[PDB]
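Novice: structural data only, the sequence is not supplied:
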Ligand SMILES: [Ca+2]
Ligand SMILES: [Ca+2]
């Protein structure tokens, strides 16, 4: 019963990919979504909280999981989602047709029958412009993995014996061997670092299977479905690979042959694939006229602040940071570039449009013309949004980066603060932000989260945390070793830790206002 | 039409060699009865059939065309020892009887699970008490990358051997020197399909459909069928201990053969296995005693760097090297004078198997100093582990061939026949011949014209004259064109070399 939330199964992200490629996805405000294999179904809750007029239906097999998730829906007071226990073959019609459909990690785990019937239902239960999402493993990535699995299995006949296998692999492959075994000790050494839940569920768990992109897309194309794209935009991106070859891949117009080849070179283990009704055209052309309407986010830190460096000279090279990540990205030289960079640093985790990025750069540096700023943008930014560095939205997420006087957080994250699932190995609680992304939360922040309903000012917070220090609960430490941090020097310690925690909540999309 | 291949490791005397290595007592070769399943043309039975006239062989294959063509090749080769027929693998166990050696090569992975196990049932019934069976199959995991690449082009080709090569090119191109996590492995195996030949890559990758299996799933299926695992026909494959030590000792400590070997498949990514099976009523001795290894005919194929006459053998300050089969890089060296003599009698006898005790003898006579047990002792110290690394070959018994040039050189009636038709690897090299070890040797054209010429009727002068006759008339061209007084001296060379190549390849029967 692991609860998870995924930012790429979020309806507002699916709509971003759809409207990115020229589709016309339905409205989010009234949207109807369906989760097949919902389990607990918290993946549906965030959206439901953000759009109260959007009804949602999860359907799972397990009655224990469905009945648990129903409790979590009552506890959090959510009216927008209903969950039922129904086998997929009990899914036909007579509820309705949904604007968004999410099938996540249940496709490769079921029989050939239901493997066809999932695409069947997704045909009949979808809507004309609706977007379908299906996650499955792939070949030939399933090969090396699956044969590692049969190795750990072939040994035993608990979880530890697998880690001792993988150990034994890395000595057996120790630095006398190097044809292939550089691929084995690599992949296996990657398998060894993983959560004991993940190794148990995937490798030592039930029986899943990898499939082929052309076999899957082909199985949908007989079900009247067309391939939209992937949630990973940095995935389908071509090159990398040399221009003399990439020119051949781009020369042909086929998405299935280009992608199906990209898996073959990259050894792609999984895929998260979007589908639409085949009656609809997709625009694979990237039209900058449409890209100025998509909100942008670049996570970047300044090396030197604006005030202390006047950049009009264009005599300098200024590195910044990307997510820090100490050694930074490329850097100018040209000021019509920097002026875009520093407005991306001002707006960090605060989405603004692409054109308004260009404008704000034109106001920060007022030497040049706007449409030349767009010449920089359209020139090269796209390559960053298709390499995964720059996020794109349309529409702007519901959240704010400003710290209000009585901060407030989503009811879903404020509920999650109470019931959050602790994990060791790093002492953290997983909390869902407005992007459906899971955030590591230190405990002393877990007490701050449930404290923001908008009722409490920052003084009741910086007070309460102190109370939990002296009343511990929370133990505060100076540098000296165990110091326990006694009076009025505590009061300036809490000002800092709370002032930082609220900032983390500001730039992680945890602040609703 | 079809590739006519003969394989050195399906030879019955080789299966006997591996049996006697493990303490078994395989049957007699002279009268031996052998069965070939999936025989195809049946050229695998022929070389052994002509070498041992008292031995009867029976090939069986589903294809009627292949069987008939086989019968033609037989009758033209004047071989009465082998009979071919067309039968589904099921219909056996009839008056066909029991055979001392059974060979199933290439049909196991290619047929249904039913016909799959039925091969092992038939193998149980038709095998004599001490007889040995041979079965080859594609093994997981190593079969997993091929079936991707073999699918990778099978995906392209619909849009054969032409476009696929362009696929492989496009592949090695797509990986630039800036992409190297894994793609080194891809780039490697794909770079390896650029090797081989149109025959192989045609029937294996594009013809299909075959499947891979696991070692324990075979050995188990045969243990279900009352057959026990003898080993593999690659002696280098059963040898572990190249991996680290701390892990090695842990692998030996268990003493479970199937577990160790299939772990080997796991970390070495094994594509193929050629497996020997025997009756589980026979104990197999996996402990190899040198005293049992000095009854084997042994071959270390080596050329000296320095000829023996220009070197003093007892100088312990001098370092001499040799070669292994050339192999442009030198192989070993010494120093030790007792070792030098061993290496020079092993280099003199290259491709002339002799017994280990006899090696210690002729080494004793080459430099007489110490006691015979000292030479035999160095061979015990480090001369083995070379036979398990694959560099030293063991026989028992001495093959029928000759290491000397007979003034009217003669060849196998099978090889002299093969030369006319033979096979071409135009991918691009040379024809394919079968020597007395059932190994296929690359033979150029000008050496094929010499090969058809050795029946024992002509001497070396007639070879030279015939080659010179075919030069100017070309046919055979000699570059760098030339005149008569040079042409004679040049043909003398390529001839006397073509005879040494035959001599040390076991192509000279007298
Ligand atoms: Ca004559
Ligand atoms: Ca001469």
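Specialist: Here it is on my side, so go on. Numbers count the residues shown, from 1 in each chain, chains lettered A, B, ... in the order given. Ligands and ions are numbered 1, 2, ... in the order given.
Novice: output the contacting helices and strands for the longest helix belonging to chain A.
Specialist: If you go by DSSP state H, chain A has its longest helix at helix A:491-507. Packing partners of helix A:491-507 (3 or more Cβ pairs under 8 Å, 6 or more residues apart in numbering or on different chains; DSSP states H and E): helix A:443-449, helix A:458-470. Using the backbone N, CA and C atoms, a C-beta is placed for each residue, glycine as well.
Novice: what residues does it touch?
Specialist: A:348-349, A:401-403, A:407, A:409, A:444-445, A:448-449, A:452, A:458, A:461-462, A:465-466, A:469, A:476, A:485, A:510-511 (Cβ atoms under 8 Å, 6 or more residues apart in numbering or on different chains).
Novice: spatially nearest residue to residue A:134 (excluding sequence neighbours)?
Specialist: Nearest non-adjacent residue to residue A:134, counting by Cβ to Cβ, 6 or more residues apart in numbering or on different chains: residue A:103, 4.5 Å away.
Novice: can you count the residues close to that neighbour?
Specialist: By other Cβ atoms under 10 Å in any protein chain shown, the residues close to residue A:103 number 23.
Novice: that one contacts residue A:122, doesn't it?
Specialist: Yes. Using Cβ atoms under 8 Å, residue A:103 makes contact with residue A:122 at a distance of 6.9 Å.
Novice: any shared contact partners between the two?
Specialist: When contacts are counted by Cβ under 8 Å, 6+ apart, residue A:103 and residue A:122 have A:132, A:134 as shared neighbours.
Novice: identify the bridge partners of the residue nearest to residue A:134.
Specialist: residue A:36, residue A:134 (DSSP bridges).
Novice: got the contact list for it?
Specialist: Residue A:103 touches A:36-37, A:118, A:122, A:132-135, counting by Cβ under 8 Å, 6+ apart.
Novice: could you rerun that using 10 Å?
Specialist: A:9, A:34-37, A:88, A:118-119, A:121-122, A:132-136, A:273, A:275 (Cβ atoms under 10 Å, 6 or more residues apart in numbering or on different chains).
Novice: got it, and residue A:439?
Specialist: If you count contacts by Cβ under 10 Å, 6+ apart, then residue A:439 has A:5, A:413, A:416, A:428-433, A:445, A:449, A:504-505, A:508-510 around it.
Novice: part of a strand, is it?
Specialist: Yes. Assigned with DSSP: H, G, I helix; E, B strand; the rest coil, residue A:439 falls within a strand.
Novice: winner for burial among the helices and strands packed on helix A:491-507?
Specialist: helix A:443-449 (a mean of 20; mean count of other Cβ atoms under 10 Å in any protein chain shown).
Novice: Serialize the helices and strands packed on helix A:491-507 to TSV and add fields for distance to chain B.
Specialist: Conversion of the helices and strands packed on helix A:491-507 to TSV gives the following (distance: least, Cβ to the nearest Cβ, whole Å):
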stretch	distance to chain B
helix A:443-449	36
helix A:458-470	46
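Novice: so which strand or helix has the residue nearest to residue A:35 when sequence neighbours are not counted?
Specialist: Computed as Cβ to Cβ, 6+ apart, the closest residue to residue A:35 that is not its neighbour in sequence is residue A:58, at 4.2 Å. In this structure, residue A:58 sits in strand A:56-60 according to DSSP states H and E.
Novice: may I have the strands that pair with that strand, each with its orientation?
Specialist: For strand A:56-60, pairing defined by DSSP bridges yields strand A:33-36 (parallel), strand A:81-85 (parallel).
Novice: just the buried positions in the next helix-or-strand element following that strand, please.
Specialist: Following strand A:56-60 in sequence order, the next helix or strand is helix A:63-75 (DSSP H and E). Within helix A:63-75, the residues scored as buried using 16 or more other Cβ atoms under 10 Å in any protein chain shown are A:65-66, A:68-70, A:72-73.
Novice: no further queries at this time; thank you.
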